[PDB]
Ligand SMILES: *C\C=C(C)/C=C/C=C(C)/C=C/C1=C(C)CCCC1(C)C
Ligand SMILES: *C\C=C(C)/C=C/C=C(C)/C=C/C1=C(C)CCCC1(C)C
Ligand SMILES: *C\C=C(C)/C=C/C=C(C)/C=C/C1=C(C)CCCC1(C)C
């Protein structure tokens with residue numbers, strides 16, 4: 001890895017600045033609900049920072065042999081999404097006021113979506129790498145389903161400021177989230193159609209949007225109170 | 001690994017079907033307690049599926065050198081039991097209505113039972129592999145103890161449908177769970193007395209029973225409401 | 001690793017005895033709050049035991065090449081602190097009666113402090129190992145901050161036996177905790193100024209104090225009721 005260094009260093013900067021902003025922002029917050037939202041939201045980019053730094057400094061990169069090649073796989077991406085997506089799922093669940101049962105379904109389904117997708121990236125048998133991608137995406141579909149059809153109805157029985165803020169975020173996650181299994185598939189980890197430099201650029205845009213952008217939408221609203 | 005492939009492929013099928021059944025089953029459930037039970041219970045085999053698939057497709061298998069040999073160790077078994085046994089512990093705890101303190105003891109003890117048992121499997125010094133087995137089983141004994149003597153009394157102060165369903169499950173876990181440290185010890189991971197093909201068959205029967213069977217007993221009862 | 005074996009074997013003994021004491025001690029406890037305190041507190045050394053044993057028996061030791069050398073890094077230390085420090089953070093939070101938001105901040109910050117510090121230990125580029133140490137310590141400072149200025153005020157609105165016991169423990173963690181990034185820096189994992197034998201002795205004293213000592217202070221008080 002070298003050409004994409006710029007993308008990784010750029011993602012390390014943004015996530016870093018993204019954490020600083022939220023920390024400084026939530027400093028004056030007294031409301032225990034809002035205070036929880038800033039807690040969950042600030043932690044997402046903080047983790048993303050460390051994981052992006054590990055990729056830039058070289059750590060988060062590995063080499064997996066599939067096909068007639070040793071392929072550079074950035075695993076820190078999976079280590080990032082493992083703790084990051086569940087927290088993003090909690091923001092949405094606190095907002096909408098979800099059941100302890102549905103949250104456990106989602107966190108349980110999310111862990112499977114990431115780990116299973118990680119197994120795909122490390123799989124040395126090219127073909128197989130696609131089975132796990134299939135299992136990983138099936139689980140994402142299940143998540144975006146209850147997040148769209150379950151949470152929405154759940155947000156409707158709440159204050160309009162909350163109801164709407166959720167609508168924005170709902171669309172934002174459904175659209176962003178479903179980009180990963182598409183970027184992955186065409187990127188170097190799957191059916192190579194796009195080079196690593198681009199794949200890395202693409203994931204960099206989704207990560208910043210999903211982690212920092214989502215945070216802005218949410219934290220800068222009154223829906224968190 | 002090859003001869004046992006049939007056992008792994010059979011366990012991948014059952015766990016897979018086991019997840020589909022519970023998902024489709026709990027679909028009509030409205031009760032937030034039952035809905036939590038289906039949440040916890042459905043997730044157990046789902047994880048088991050992925051872990052069993054990883055073993056079949058080759059991933060979940062490693063080679064550990066102990067003795068005058070490089071020994072095939074299926075680690076995905078430990079990765080499975082790590083998230084699976086705590087969830088099974090939560091089903092029993094929700095049912096019986098346990099204290100947040102005892103649950104933390106059990107989950108804390110369970111994590112130690114699996115990780116410690118994993119350390120045993122990966123230990124390159126043959127002798128040592130038995131110390132960890134001893135520490136892993138001591139922790140299982142501690143778990144089956146409060147699960148038998150602590151939870152039972154706890155179930156007694158509840159509706160008889162719940163009290164009884166717990167009794168069934170209680171026996172089912174105490175008996176099933178204590179089979180693992182026995183199968184392990186005689187299997188290839190320990191004092192080789194049984195071949196890998198059998199060890200794998202045995203764990204396959206315990207896993208299906210513990211994950212799917214237990215689920216059936218529980219989900220098909222009214223005790224979950 | 002060999003000369004320090006005595007330190008590791010001594011830490012394995014103490015942690016082991018430390019677990020036995022608390023188990024036997026909390027056996028008569030009926031109070032659900034105290035029962036939670038013994039639950040959280042007993043589990044800290046139990047984990048520490050297994051991790052210290054893994055280091056003695058050889059498992060928890062790795063070799064990382066940085067500089068003109070292959071350096072012996074005991075990673076089981078990080079695997080220990082990963083589950084151990086969050087639990088110690090929960091003791092303090094239950095005692096003081098903290099918000100679910102602040103606890104998530106602390107556990108989230110703590111995980112980053114350990115993992116980030118682990119990345120440092122495994123980093124093959126000598127220089128970099130210091131960036132992660134910096135990120136790991138920044139996160140510890142953030143933790144000792146709210147643990148000192150946030151929790152204290154929180155303890156003040158409680159029974160004096162609790163208020164005071166917290167004061168003792170507060171100082172004990174702030175002082176002990178800030179010794180690790182200092183021992184690390186001068187030890188073999190960082191700017192080698194002290195040999196492994198000493199580094200290991202030092203961490204052995206902090207671990208016993210933080211895990212067992214802290215437990216004694218806390219469990220032998222009435223503040224846990
Ligand atoms: C960092 C924030 C978010 C929302 C990241 C989400 C990541 C995913 C939803 C990943 C999805 C994947 C799928 C569906 C299948 C292939 C493997 C992936 C992990 C890339
Ligand atoms: C998947 C469901 C269950 C109930 C699996 C449980 C697994 C165990 C109880 C494992 C026990 C072990 C012991 C006691 C000691 C050796 C190592 C094992 C992990 C096999
Ligand atoms: C086992 C109990 C405690 C309190 C252990 C705590 C460990 C730390 C606070 C570690 C701190 C580190 C820092 C701050 C930076 C370098 C890496 C360390 C993990 C050693």
If we restrict to alpha carbons, what Rg and Dmax does the stretch C:57-119 come to, in Å? 15.5, 50
How tilted is helix A:76-96 with respect to the longest principal axis of chain A? Cα atoms for both, answer in degrees (0 to 90, nearest 10). 20
Zone residues, the stretch C:45-77, relative to residue B:145, backbone N less than 20 Å from point 7 Å out along Cα-to-Cβ: C:45-51
May I ask you to derive the FRET efficiency for residue B:153 and residue B:33 from their Cβ-Cβ distance with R0 = 30 Å, giving the value to the nearest 0.05? 0.90
If you project the alpha carbons of the stretch A:113-172 onto their three principal axes, what span does each projection cover, largest first, in Å? 51, 14, 14
Pop the C-beta distance of residue C:130 and residue C:225 into the FRET formula with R0 = 56 Å and round what comes out to the nearest 0.05. 0.80
Which of C:30, A:136 comes first, and how do the rest follow, when ranked by fewest Cβ neighbours within 10 Å? C:30, A:136
Length-normalised contact order of the stretch C:106-185 in % [C-alpha pairs under 8 Å, at least 6 apart]: 26
Most fluctuating of B:57, B:185, B:23 in the GNM of chain B (C-alpha, under 10 Å) is B:57
To test your reading of the geometry: what angle, between 0 and 90 degrees and rounded to tens, separates the Cα axis of helix C:129-145 from the longest principal axis of chain C? 10
Hull shadow area, averaged, chain B [alpha-carbon convex hull, nm²]: 11.4
Which peptide among B:112-119, A:15-22 comes first, and what is the full order, when sorted by highest mean count of other Cβ atoms within 10 Å? B:112-119, A:15-22
Kirkwood-based shape ratio for the protein assembly as shown, expressed as Rg/Rh from alpha carbons: 0.94
What share of all Cα pairs of the stretch B:44-174, in percent, falls into each consecutive 10 Å distance bin? 12, 35, 30, 17, 5, 1
So between residue B:21 and residue B:94, what do we pick up on full extension, going 0.36 nm a residue minus the alpha carbon distance? 24.1 nm
Burial ranking of peptide ranges B:72-78, C:217-223 (average Cβ count within 10 Å, highest at the top): B:72-78, C:217-223
Okay, helix-only estimate at 222 nm for chain C: each DSSP H run of n ≥ 4 adds -39500 (n - 2.57), divide by all residues, round to 500 deg cm²/dmol; what do you get? -23000 deg cm²/dmol
Relative to the compact globular guide of 2.2 N^0.38 Å, what is the alpha carbon radius of gyration of the stretch B:1-49, as a ratio? 1.41
If I fit a long axis through the Cα atoms of helix C:196-208 and take the longest principal axis of the Cα atoms of chain C, what angle between them do I get, 0 to 90°, rounded to 10? 10
Expressed as a whole number of Å, what is the distance separating the alpha-carbon centroids of the stretch A:144-186 and the stretch B:72-86? 33
Length-normalised contact order of chain A in % [C-alpha pairs under 8 Å, at least 6 apart]: 23
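Bear in mind these aren't lab numbers, they're just calculated from the coordinates by the rules spelled out. Positions of Cβ are backbone-derived with ideal geometry, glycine not excepted, and every protein chain shown enters the neighbour counts.
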